[PDB]
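Residue numbers (the deposited numbering), protein chains in the order written: chain D, -2 to 114; chain C, -4 to 115. To start, the structure under review is shown below, and the notes come after it.
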């Protein structure tokens, strides 16, 4: 694939629904990032992002800085575990969640692709 | 259709119409591919020019100044999104999140009707 954007959208949506038909081996290197976030912190991060039933991960509400590729990988891991824990529901506004994620991490796509691949 | 989200389905479908990657095919997409009949391949260039799209843009449907009043209009918007996504090429600079923001703001209220009309 040519797009980190397309990969991360697919990965996060798959972490949300856990549908084995939507598995791709492209996801295996992204799943390794789960180590960067404790399952115990996920509910804390959801409450810090003031999330309603209509919200996907809203990372800009964590007020945590993104200065390097390691911060990016933590934000992906947070997105994945939050996506996992909030449930597969039609009202989640994924487009708003991805807007915030890519505004935050876009500039580090080169560093990220090197670090993973 | 055994999924809960029209949003998730349409994001996956449009991204697959963009890259044509057979590993990202899903049979969920077959009913969406039938909507291609609502848009002639001949008009796609015209629609792209009318949406004033740059190399960094996905489909920007709100610039068509076309109405969305019923499920049939929603199906045409999906078809336009699919063929434009097909014709603009798989490029990393395309800002898919901006394109999906516009599509779902336009069609979201018709999601229940759409899921019934397509999948039962």
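Ideal placement from N, C-alpha and C gives every residue a C-beta, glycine not left out.
7 Å Cβ cut-off: residues of chain C touching residue i
i             : result
residue 10(D) : 3, 6 and 7
Among the options, nearest to residue i - alpha-carbon criterion
i              : options                         : result
residue 7(D)   : 80(D), 108(D), 109(D) and 88(D) : 80(D)
residue 84(D)  : 52(D), 46(D) and 30(D)          : 52(D)
residue 41(C)  : 33(C), 59(C), 27(C) and 110(C)  : 59(C)
residue 45(C)  : 34(C), 36(C), 57(C) and 35(C)   : 57(C)
residue 107(C) : 74(C), 91(C), 96(C) and 69(C)   : 69(C)
residue 55(D)  : 86(D), 102(D) and 97(D)         : 97(D)
residue 112(D) : 29(D), 86(D) and 13(D)          : 29(D)
residue 0(C)   : 10(D), 5(D), 23(D) and 0(D)     : 10(D)
residue 16(D)  : 16(C), 92(C), 17(C) and -3(C)   : -3(C)
residue 78(C)  : 86(C), 33(C) and 115(C)         : 33(C)
residue 63(C)  : 22(C), 100(C) and 20(C)         : 100(C)
residue 49(D)  : 39(D), 20(D) and 90(D)          : 90(D)
Listed by chain order, chain D residues near residue i by CB distance under 8 Å
i              : result
residue 105(C) : Within 8 Å Cβ-Cβ: nothing; residue 105(C) doesn't reach chain D, min ~12 Å.
residue 16(C)  : -2
*Report the residues of the stretch 85 to 96 of chain C with a CB closer than 8 Å to any CB of chain D, ordered along the chain.*
85, 86, 87, 89, 90, 91, 92, 93, 95 and 96
*What are the start and end residues of each continuous beta strand (DSSP E) run of 3 or more residues lying completely inside the stretch 9 to 43 of chain C, in chain order?*
none
*What are the start and end residues of each continuous alpha helix (DSSP H) run of 4 or more residues lying completely inside the stretch 68 to 111 of chain C, in chain order?*
91 to 102
*asked:* If the cut-off is 9 Å on Cβ atoms, which residues from the stretch 14 to 38 of chain D count as contacting chain C, listed in chain order?
replied: 14, 16, 18, 19, 21, 22 and 23
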